[PDB]
$ cat structure-v2.cif   # mmCIF, C-alpha atoms and all ligand atoms
data_my_file
#
loop_
_atom_site.label_atom_id
_atom_site.label_comp_id
_atom_site.auth_asym_id
_atom_site.auth_seq_id
_atom_site.Cartn_x
_atom_site.Cartn_y
_atom_site.Cartn_z
CA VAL A 3 -15.95 9.86 -7.43
CA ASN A 4 -13.12 11.50 -5.46
CA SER A 5 -10.75 14.45 -5.84
CA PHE A 6 -7.56 12.49 -6.48
CA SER A 7 -6.26 13.59 -9.89
CA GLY A 8 -3.50 12.42 -12.21
CA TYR A 9 -3.03 8.90 -10.84
CA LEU A 10 -2.22 5.84 -12.89
CA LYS A 11 -4.55 2.93 -12.15
CA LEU A 12 -2.75 -0.31 -11.22
CA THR A 13 -5.69 -2.49 -10.11
CA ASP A 14 -9.35 -2.27 -9.18
CA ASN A 15 -8.37 -0.47 -5.97
CA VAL A 16 -4.68 0.64 -6.17
CA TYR A 17 -3.53 3.88 -7.85
CA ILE A 18 -0.06 5.48 -8.07
CA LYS A 19 1.30 8.99 -8.82
CA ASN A 20 4.67 10.75 -8.76
CA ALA A 21 3.94 13.32 -6.08
CA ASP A 22 5.16 14.82 -2.83
CA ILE A 23 2.68 13.33 -0.34
CA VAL A 24 2.90 16.59 1.62
CA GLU A 25 1.80 18.73 -1.33
CA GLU A 26 -0.78 16.13 -2.35
CA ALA A 27 -2.40 16.14 1.09
CA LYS A 28 -2.58 19.95 1.21
CA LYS A 29 -4.41 19.90 -2.14
CA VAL A 30 -6.91 17.07 -1.60
CA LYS A 31 -7.40 17.21 2.19
CA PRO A 32 -8.16 13.47 2.20
CA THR A 33 -10.07 11.77 4.96
CA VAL A 34 -6.94 9.74 5.74
CA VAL A 35 -3.26 10.38 5.06
CA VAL A 36 -0.91 7.55 6.01
CA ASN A 37 2.32 8.33 7.83
CA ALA A 38 5.39 6.09 7.56
CA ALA A 39 5.74 6.01 11.34
CA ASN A 40 8.09 4.32 13.76
CA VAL A 41 6.97 2.69 17.01
CA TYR A 42 7.90 5.79 19.04
CA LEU A 43 6.10 8.19 16.68
CA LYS A 44 9.36 10.17 16.45
CA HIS A 45 8.84 11.96 13.15
CA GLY A 46 12.42 12.96 12.48
CA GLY A 47 12.97 12.23 8.81
CA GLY A 48 11.61 10.58 5.71
CA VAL A 49 7.90 10.89 5.02
CA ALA A 50 7.21 11.28 8.75
CA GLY A 51 9.66 14.14 9.13
CA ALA A 52 8.19 15.91 6.10
CA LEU A 53 4.56 15.46 7.19
CA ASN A 54 5.35 16.64 10.70
CA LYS A 55 7.21 19.69 9.36
CA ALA A 56 4.14 20.61 7.30
CA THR A 57 2.06 20.60 10.52
CA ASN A 58 4.50 23.01 12.20
CA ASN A 59 5.39 20.21 14.68
CA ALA A 60 1.77 19.81 15.87
CA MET A 61 1.88 16.17 14.73
CA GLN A 62 4.90 15.56 16.99
CA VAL A 63 3.28 17.28 19.98
CA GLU A 64 0.15 15.15 19.60
CA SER A 65 2.25 12.03 19.07
CA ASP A 66 4.31 12.60 22.22
CA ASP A 67 1.12 12.77 24.26
CA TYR A 68 -0.14 9.58 22.57
CA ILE A 69 3.06 7.70 23.47
CA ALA A 70 3.12 9.03 27.03
CA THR A 71 -0.39 7.60 27.51
CA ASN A 72 -0.25 4.39 25.47
CA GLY A 73 3.38 3.39 25.00
CA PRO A 74 4.97 2.46 21.69
CA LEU A 75 3.18 0.92 18.75
CA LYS A 76 3.97 -2.56 17.47
CA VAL A 77 5.90 -3.06 14.26
CA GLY A 78 3.09 -3.85 11.83
CA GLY A 79 0.65 -1.79 13.90
CA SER A 80 -0.98 1.60 13.63
CA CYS A 81 -2.91 4.33 15.38
CA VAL A 82 -5.32 7.00 14.16
CA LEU A 83 -4.46 10.56 15.16
CA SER A 84 -5.37 13.98 13.82
CA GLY A 85 -4.51 14.92 10.26
CA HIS A 86 -3.94 18.53 11.39
CA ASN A 87 -3.86 20.86 8.35
CA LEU A 88 -3.22 17.97 5.94
CA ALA A 89 -6.18 15.58 6.27
CA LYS A 90 -9.03 14.75 8.60
CA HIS A 91 -7.03 11.89 10.12
CA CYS A 92 -3.49 10.59 9.99
CA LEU A 93 -3.10 6.81 10.11
CA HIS A 94 0.38 6.26 11.57
CA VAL A 95 1.48 2.85 10.27
CA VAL A 96 4.71 1.13 11.31
CA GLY A 97 6.26 -0.93 8.57
CA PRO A 98 9.41 -2.88 9.38
CA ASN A 99 12.63 -0.87 9.11
CA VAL A 100 15.17 -3.10 7.33
CA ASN A 101 17.96 -0.82 8.56
CA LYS A 102 16.99 -2.06 12.05
CA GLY A 103 16.82 -5.77 11.12
CA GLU A 104 13.03 -6.00 11.42
CA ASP A 105 11.27 -8.92 9.74
CA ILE A 106 10.10 -7.92 6.26
CA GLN A 107 7.16 -10.33 6.62
CA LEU A 108 5.60 -7.74 8.94
CA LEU A 109 5.02 -5.56 5.87
CA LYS A 110 1.79 -7.42 5.07
CA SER A 111 0.52 -6.84 8.61
CA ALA A 112 1.36 -3.15 8.23
CA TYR A 113 -0.66 -2.84 5.01
CA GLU A 114 -3.62 -4.67 6.59
CA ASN A 115 -4.21 -1.53 8.66
CA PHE A 116 -5.24 0.25 5.45
CA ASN A 117 -8.30 -2.03 5.14
CA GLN A 118 -9.93 -0.24 8.09
CA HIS A 119 -10.34 2.88 5.91
CA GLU A 120 -12.35 3.12 2.70
CA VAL A 121 -9.99 5.60 0.98
CA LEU A 122 -6.40 6.59 1.84
CA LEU A 123 -3.51 8.67 0.56
CA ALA A 124 -0.33 6.79 1.38
CA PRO A 125 3.39 6.23 0.78
CA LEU A 126 4.94 2.86 0.05
CA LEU A 127 5.50 1.29 3.45
CA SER A 128 9.06 0.40 4.41
CA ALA A 129 10.42 2.25 1.34
CA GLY A 130 12.91 5.10 1.42
CA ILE A 131 14.90 5.24 4.64
CA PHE A 132 13.14 2.15 6.00
CA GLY A 133 15.35 0.17 3.61
CA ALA A 134 12.96 -2.28 1.93
CA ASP A 135 12.67 -2.84 -1.82
CA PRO A 136 9.92 -0.47 -3.05
CA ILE A 137 8.95 -2.85 -5.86
CA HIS A 138 8.24 -5.44 -3.17
CA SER A 139 6.34 -2.88 -1.08
CA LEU A 140 4.07 -2.06 -4.03
CA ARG A 141 3.44 -5.79 -4.60
CA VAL A 142 2.45 -6.45 -0.97
CA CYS A 143 0.24 -3.35 -1.10
CA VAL A 144 -1.66 -4.57 -4.16
CA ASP A 145 -2.01 -8.08 -2.73
CA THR A 146 -3.12 -6.92 0.75
CA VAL A 147 -5.07 -3.67 0.56
CA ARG A 148 -8.66 -4.05 -0.61
CA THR A 149 -9.79 -0.48 0.06
CA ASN A 150 -9.03 2.40 -2.28
CA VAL A 151 -5.40 3.51 -1.93
CA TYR A 152 -3.74 6.45 -3.68
CA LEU A 153 0.03 5.95 -3.50
CA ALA A 154 2.38 8.93 -3.74
CA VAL A 155 5.95 8.14 -4.80
CA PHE A 156 8.19 11.17 -4.22
CA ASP A 157 11.07 10.05 -6.45
CA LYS A 158 10.28 10.41 -10.15
CA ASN A 159 12.92 7.85 -11.11
CA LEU A 160 11.47 5.37 -8.62
CA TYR A 161 7.94 6.10 -9.83
CA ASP A 162 8.88 5.27 -13.42
CA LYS A 163 10.60 2.07 -12.30
CA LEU A 164 7.57 1.04 -10.23
CA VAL A 165 5.17 1.53 -13.14
CA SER A 166 7.40 -0.07 -15.76
CA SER A 167 8.02 -3.18 -13.63
CA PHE A 168 4.48 -3.63 -12.31
CA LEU A 169 2.92 -7.00 -13.10
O1 LIG B 201 10.57 7.77 -2.70
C1 LIG B 201 9.57 7.25 -2.17
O2 LIG B 201 8.39 7.36 -2.55
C2 LIG B 201 9.78 6.39 -0.92
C3 LIG B 201 9.89 7.29 0.33
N1 LIG B 201 8.96 8.40 0.21
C4 LIG B 201 9.09 9.56 0.83
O3 LIG B 201 10.00 9.84 1.60
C5 LIG B 201 8.00 10.52 0.49
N2 LIG B 201 6.91 10.05 -0.17
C6 LIG B 201 5.93 10.89 -0.48
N3 LIG B 201 5.88 12.19 -0.23
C7 LIG B 201 6.97 12.66 0.42
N4 LIG B 201 7.20 13.96 0.82
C8 LIG B 201 8.43 14.04 1.45
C9 LIG B 201 9.00 12.79 1.48
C10 LIG B 201 8.08 11.90 0.82
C11 LIG B 201 9.72 6.53 1.64
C12 LIG B 201 10.63 6.76 2.69
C13 LIG B 201 10.53 6.08 3.90
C14 LIG B 201 9.49 5.17 4.06
BR1 LIG B 201 9.33 4.24 5.69
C15 LIG B 201 8.56 4.92 3.04
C16 LIG B 201 8.67 5.60 1.82
#
$ encode --input "structure-v2.cif" --output "structure tokens" --more "lines below"
Ligand SMILES: O=C(O)C[C@@H](NC(=O)c1ncnc2[nH]ccc12)c1ccc(Br)cc1
Amino acid sequence: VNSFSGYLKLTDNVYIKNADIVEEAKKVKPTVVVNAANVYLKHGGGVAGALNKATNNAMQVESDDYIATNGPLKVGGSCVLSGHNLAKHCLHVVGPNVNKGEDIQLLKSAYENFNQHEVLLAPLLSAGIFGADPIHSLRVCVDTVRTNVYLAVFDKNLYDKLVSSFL
């Protein structure tokens, strides 16, 4: 039993809710919140910009030190950093950004990072400003993630479309 409330169940292990991931994290304080990161951990906009704003830029400060030490992530890769005031940990996951020409096949690799964590709050990878089809992102998620994932879809209209078209 966990504290996630109001989600629709899609599969044995995948759940979905129309919610602002920022407000959801502040309420549940999950062990892991997933960030829709880029390889430079520059959290300027989208989910990353919103999460970082909610940490009062502490996420960005920590991320800049991470990059200075380790260099950029790989597309499809991830790193675990602090969750600041939002979660115990933030799993920064880099899905391919279609608006940069990155191979959409890397989306499965990106979701595989979720399997290293028993329970996660997460956005749809490569959705929104990353330019991929969110229906496809949900499909890859369901077919790749085996751990318990609670998906927050900010857009109500997109949420309804995702549910109504889910196979
Ligand atoms: O509309 C959607 O769900 C898709 C969209 N989501 C969010 O920007 C989002 N999601 C949840 N809480 C949030 N608070 C503030 C934004 C936000 C998205 C964009 C870029 C990438 Br890459 C991946 C997904």
$ residues_near_ligand --input "structure-v2.cif" --ligand "ligand LIG 201 (chain B)" --cutoff "7 Å" --atoms "all atoms listed in the file" --output "PyMOL selection string"
chain A and resi 21-24+38-39+48-49+52+97+99+125-132+154-157+160
$ atom_distance --input "structure-v2.cif" --atom1 "atom CA of residue 161 of chain A" --atom2 "atom CA of residue 108 of chain A"
23.4 Å
$ atom_distance --input "structure-v2.cif" --atom1 "atom CA of residue 169 of chain A" --atom2 "atom CA of residue 110 of chain A"
18.2 Å
$ closest_residue --input "structure-v2.cif" --among "A:30, A:96, A:10, A:121" --to "residue 44 of chain A" --atoms "all atoms listed in the file"
A:96
$ residues_around --input "structure-v2.cif" --residues "residue 75 of chain A" --least-positions-apart "2" --cutoff "9 Å" --atoms "only C-alpha atoms" --output "list in words"
residues 40, 41, 42, 43, 69, 72, 73, 77, 78, 79, 80, 81, 95 and 96 of chain A
$ residues_around --input "structure-v2.cif" --residues "residue 122 of chain A" --least-positions-apart "5" --cutoff "7 Å" --atoms "only C-alpha atoms" --output "PyMOL selection string"
chain A and resi 34-36+150-152
$ write_last_selection --input "structure-v2.cif" --atoms "C-alpha atoms" --output "mmCIF file, keeping the file's coordinate frame"
data_model
loop_
_atom_site.group_PDB
_atom_site.id
_atom_site.type_symbol
_atom_site.label_atom_id
_atom_site.label_comp_id
_atom_site.auth_asym_id
_atom_site.auth_seq_id
_atom_site.Cartn_x
_atom_site.Cartn_y
_atom_site.Cartn_z
ATOM 1 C CA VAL A 34 -6.940 9.740 5.740
ATOM 2 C CA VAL A 35 -3.260 10.380 5.060
ATOM 3 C CA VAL A 36 -0.910 7.550 6.010
ATOM 4 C CA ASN A 150 -9.030 2.400 -2.280
ATOM 5 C CA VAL A 151 -5.400 3.510 -1.930
ATOM 6 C CA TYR A 152 -3.740 6.450 -3.680
#
$ closest_residue --input "structure-v2.cif" --among "A:13, A:76, A:94, A:28" --to "residue 45 of chain A" --atoms "all atoms listed in the file"
A:94
$ atom_distance --input "structure-v2.cif" --atom1 "atom CA of residue 158 of chain A" --atom2 "atom CA of residue 12 of chain A"
16.9 Å
$ closest_residue --input "structure-v2.cif" --among "A:118, A:62, A:26, A:166" --to "residue 8 of chain A" --atoms "all atoms listed in the file"
A:26
$ closest_residue --input "structure-v2.cif" --among "A:20, A:167, A:33, A:65" --to "residue 7 of chain A" --atoms "only C-alpha atoms"
A:20
$ closest_residue --input "structure-v2.cif" --among "A:123, A:61, A:102, A:111" --to "residue 32 of chain A" --atoms "only C-alpha atoms"
A:123
$ closest_residue --input "structure-v2.cif" --among "A:105, A:149, A:116, A:100" --to "residue 133 of chain A" --atoms "all atoms listed in the file"
A:100
$ residues_near_point --input "structure-v2.cif" --point "(5.1, -1.8, -5.8)" --cutoff "9 Å" --atoms "all atoms listed in the file" --output "PyMOL selection string"
chain A and resi 126+135-144+164-165+167-168
$ build_atoms --input "structure-v2.cif" --residues "segment 7-23 of chain A" --atoms "N, CA, C and O atoms" --output "PDB file, keeping the file's coordinate frame"
ATOM      1  N   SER A   7      -6.415  13.270  -8.479  1.00  0.00           N
ATOM      2  CA  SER A   7      -6.260  13.590  -9.890  1.00  0.00           C
ATOM      3  C   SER A   7      -4.874  13.201 -10.369  1.00  0.00           C
ATOM      4  O   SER A   7      -3.892  13.376  -9.645  1.00  0.00           O
ATOM      5  N   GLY A   8      -4.790  12.684 -11.594  1.00  0.00           N
ATOM      6  CA  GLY A   8      -3.500  12.420 -12.210  1.00  0.00           C
ATOM      7  C   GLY A   8      -2.860  11.103 -11.855  1.00  0.00           C
ATOM      8  O   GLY A   8      -1.682  10.907 -12.174  1.00  0.00           O
ATOM      9  N   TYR A   9      -3.585  10.190 -11.213  1.00  0.00           N
ATOM     10  CA  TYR A   9      -3.030   8.900 -10.840  1.00  0.00           C
ATOM     11  C   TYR A   9      -3.138   7.905 -11.981  1.00  0.00           C
ATOM     12  O   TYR A   9      -4.083   7.931 -12.775  1.00  0.00           O
ATOM     13  N   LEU A  10      -2.151   7.023 -12.053  1.00  0.00           N
ATOM     14  CA  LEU A  10      -2.220   5.840 -12.890  1.00  0.00           C
ATOM     15  C   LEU A  10      -2.927   4.744 -12.104  1.00  0.00           C
ATOM     16  O   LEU A  10      -2.672   4.566 -10.913  1.00  0.00           O
ATOM     17  N   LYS A  11      -3.807   4.011 -12.773  1.00  0.00           N
ATOM     18  CA  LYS A  11      -4.550   2.930 -12.150  1.00  0.00           C
ATOM     19  C   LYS A  11      -3.727   1.652 -12.296  1.00  0.00           C
ATOM     20  O   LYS A  11      -3.325   1.301 -13.410  1.00  0.00           O
ATOM     21  N   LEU A  12      -3.447   0.979 -11.176  1.00  0.00           N
ATOM     22  CA  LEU A  12      -2.750  -0.310 -11.220  1.00  0.00           C
ATOM     23  C   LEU A  12      -3.703  -1.490 -11.153  1.00  0.00           C
ATOM     24  O   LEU A  12      -3.490  -2.489 -11.846  1.00  0.00           O
ATOM     25  N   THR A  13      -4.727  -1.410 -10.307  1.00  0.00           N
ATOM     26  CA  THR A  13      -5.690  -2.490 -10.110  1.00  0.00           C
ATOM     27  C   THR A  13      -7.058  -1.874  -9.866  1.00  0.00           C
ATOM     28  O   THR A  13      -7.243  -0.654  -9.923  1.00  0.00           O
ATOM     29  N   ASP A  14      -8.022  -2.737  -9.546  1.00  0.00           N
ATOM     30  CA  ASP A  14      -9.350  -2.270  -9.180  1.00  0.00           C
ATOM     31  C   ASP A  14      -9.296  -1.194  -8.101  1.00  0.00           C
ATOM     32  O   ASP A  14     -10.116  -0.271  -8.101  1.00  0.00           O
ATOM     33  N   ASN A  15      -8.355  -1.311  -7.154  1.00  0.00           N
ATOM     34  CA  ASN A  15      -8.370  -0.470  -5.970  1.00  0.00           C
ATOM     35  C   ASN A  15      -7.046   0.233  -5.646  1.00  0.00           C
ATOM     36  O   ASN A  15      -6.989   0.952  -4.643  1.00  0.00           O
ATOM     37  N   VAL A  16      -5.993   0.051  -6.442  1.00  0.00           N
ATOM     38  CA  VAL A  16      -4.680   0.640  -6.170  1.00  0.00           C
ATOM     39  C   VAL A  16      -4.296   1.583  -7.306  1.00  0.00           C
ATOM     40  O   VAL A  16      -4.296   1.188  -8.479  1.00  0.00           O
ATOM     41  N   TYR A  17      -3.922   2.813  -6.938  1.00  0.00           N
ATOM     42  CA  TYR A  17      -3.530   3.880  -7.850  1.00  0.00           C
ATOM     43  C   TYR A  17      -2.167   4.420  -7.418  1.00  0.00           C
ATOM     44  O   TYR A  17      -1.794   4.326  -6.246  1.00  0.00           O
ATOM     45  N   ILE A  18      -1.429   5.022  -8.354  1.00  0.00           N
ATOM     46  CA  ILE A  18      -0.060   5.480  -8.070  1.00  0.00           C
ATOM     47  C   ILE A  18       0.232   6.762  -8.855  1.00  0.00           C
ATOM     48  O   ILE A  18      -0.182   6.904 -10.008  1.00  0.00           O
ATOM     49  N   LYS A  19       0.969   7.689  -8.227  1.00  0.00           N
ATOM     50  CA  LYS A  19       1.300   8.990  -8.820  1.00  0.00           C
ATOM     51  C   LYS A  19       2.652   9.463  -8.307  1.00  0.00           C
ATOM     52  O   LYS A  19       2.975   9.269  -7.134  1.00  0.00           O
ATOM     53  N   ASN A  20       3.444  10.082  -9.184  1.00  0.00           N
ATOM     54  CA  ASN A  20       4.670  10.750  -8.760  1.00  0.00           C
ATOM     55  C   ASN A  20       4.288  12.073  -8.112  1.00  0.00           C
ATOM     56  O   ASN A  20       3.897  13.020  -8.802  1.00  0.00           O
ATOM     57  N   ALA A  21       4.383  12.137  -6.786  1.00  0.00           N
ATOM     58  CA  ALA A  21       3.940  13.320  -6.080  1.00  0.00           C
ATOM     59  C   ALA A  21       4.600  13.364  -4.711  1.00  0.00           C
ATOM     60  O   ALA A  21       4.944  12.325  -4.138  1.00  0.00           O
ATOM     61  N   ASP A  22       4.792  14.583  -4.216  1.00  0.00           N
ATOM     62  CA  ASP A  22       5.160  14.820  -2.830  1.00  0.00           C
ATOM     63  C   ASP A  22       3.895  14.650  -1.993  1.00  0.00           C
ATOM     64  O   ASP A  22       2.954  15.434  -2.121  1.00  0.00           O
ATOM     65  N   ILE A  23       3.871  13.621  -1.140  1.00  0.00           N
ATOM     66  CA  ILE A  23       2.680  13.330  -0.340  1.00  0.00           C
ATOM     67  C   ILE A  23       2.267  14.541   0.474  1.00  0.00           C
ATOM     68  O   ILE A  23       1.074  14.752   0.718  1.00  0.00           O
TER      69      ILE A  23
END
